[PDB]
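K.L.:
Quick one: the structure is below, and I'll ask about it shortly.
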Amino acid sequence: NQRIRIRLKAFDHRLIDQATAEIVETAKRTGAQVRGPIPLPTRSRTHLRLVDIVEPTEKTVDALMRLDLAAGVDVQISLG
Amino acid sequence: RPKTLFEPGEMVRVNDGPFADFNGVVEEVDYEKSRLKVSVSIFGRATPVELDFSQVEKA
Numbered sequence: 003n004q005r006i007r008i009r010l011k012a013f014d015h016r017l018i019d020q021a022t023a024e025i026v027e028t029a030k031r032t033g034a035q036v037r038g039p040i041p042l043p044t045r046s047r048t049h050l051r052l053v054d055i056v057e058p059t060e061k062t063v064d065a066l067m068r069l070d071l072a073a074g075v076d077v078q079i080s081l082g
Numbered sequence: 123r124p125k126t127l128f129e130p131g132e133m134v135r136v137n138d139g140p141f142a143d144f145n146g147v148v149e150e151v152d153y154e155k156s157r158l159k160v161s162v163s164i165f166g167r168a169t170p171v172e173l174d175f176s177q178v179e180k181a
């Protein structure tokens with residue numbers, strides 16, 4: 003019944019969409035499910051995305067840790 | 123015998139979930155919700171995540 007919640011921010015939309023795609027792929031190859039991702043309105047020239055991972059497994063968490071996210075994208079992540 | 127006394131700016135230790143084996147500081151604390159707001163320096167960037175007192179150890 004826990005969820006991984008992720009918020010992405012970037013000044014470069016190309017980087018944010020690539021990071022979002024990478025997170026989605028990592029989750030799905032992991033046996034987990036994705037909710038979203040969704041874009042939020044851009045604020046102060048900052049692009050914003052939200053994505054959640056439901057039914058995460060240990061393999062999901064490990065795959066997310068291994069994933070190298072590009073310079074220039076901020077990722078806030080929680081599990082609960 | 124981990125201590126449950128945590129305060130803003132205090133460093134903590136994570137030993138559960140993918141954030142296990144990582145340290146960070148608790149910028150915000152929530153005794154009512156029993157959750158600590160600590161971020162982990164991952165990829166060279168802080169990753170503010172909520173961890174339980176037992177999920178992390180006092181540093």
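Chains as they are written, first to last, in the deposited numbering: chain E, 3 to 82; chain G, 123 to 181.
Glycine included, C-beta positions come from ideal geometry on N, C-alpha and C.
Compare the Cα-Cα distances from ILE8/E to each of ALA181/G, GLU179/G, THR169/G, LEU173/G and report the closest residue.
P.N.:
The sequence position of residue 8/E within the first sequence is 6, counting from 1. Selected option, being the one with the closest Cα: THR169/G.
K.L.:
Give the residues from the segment 164-178 of chain G that approach chain B closer than 7 Å (Cβ to any Cβ), ordered along the chain.
P.N.:
Absent here is chain B; the protein component of the structure consists of chains E and G.
K.L.:
Please list the terminal residues of the continuous beta strand (DSSP E) segment that includes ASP152/G.
P.N.:
Numbered from its first residue, the second sequence carries residue 152/G at position 30. Taken as a continuous stretch (DSSP letters only), the beta strand (DSSP E) holding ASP152/G covers 144-152.
K.L.:
Looking at the C-beta of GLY139/G, does it have a partner C-beta in chain E at a distance below 9 Å?
P.N.:
Mapped onto the second sequence, residue 139/G falls at position 17. Interface residue, yes.
K.L.:
Counting only beta-carbon separations shorter than 9 Å, does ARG135/G have a partner in chain E?
P.N.:
Against the second sequence, residue 135/G aligns to sequence position 13. So no, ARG135/G is outside the interface.
K.L.:
Would you list the residues sitting across from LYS155/G in a DSSP beta bridge?
P.N.:
Your numbering for residue 155/G matches position 33 in the second sequence. In the DSSP output, where bridge partners are listed per residue, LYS155/G has none listed.
K.L.:
Comparing the C-beta of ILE18/E with each C-beta of chain G, is any distance below 9 Å?
P.N.:
Stepping through the first sequence from its first residue, residue 18/E is reached at position 16. Not an interface residue.
K.L.:
Looking at the C-beta of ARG123/G, does it have a partner C-beta in chain E at a distance below 9 Å?
P.N.:
Locating residue 123/G in the second sequence gives position 1, where the first residue counts as 1. Closer than 9 Å: no.
K.L.:
Tell me whether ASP54/E is buried or exposed, calling it buried when 16 or more other Cβ atoms sit within 10 Å of its Cβ.
P.N.:
Against the first sequence, residue 54/E aligns to sequence position 52. With 16 or more Cβ atoms within 10 Å of its Cβ, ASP54/E is classed as buried.
K.L.:
Using only alpha-carbon positions, find the residue among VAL63/E, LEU10/E, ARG31/E that is nearest to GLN4/E.
P.N.:
Residue 4/E sits at position 2 when you count from the first residue of the first sequence. Among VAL63/E, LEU10/E, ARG31/E, the Cα nearest to that of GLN4/E belongs to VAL63/E.
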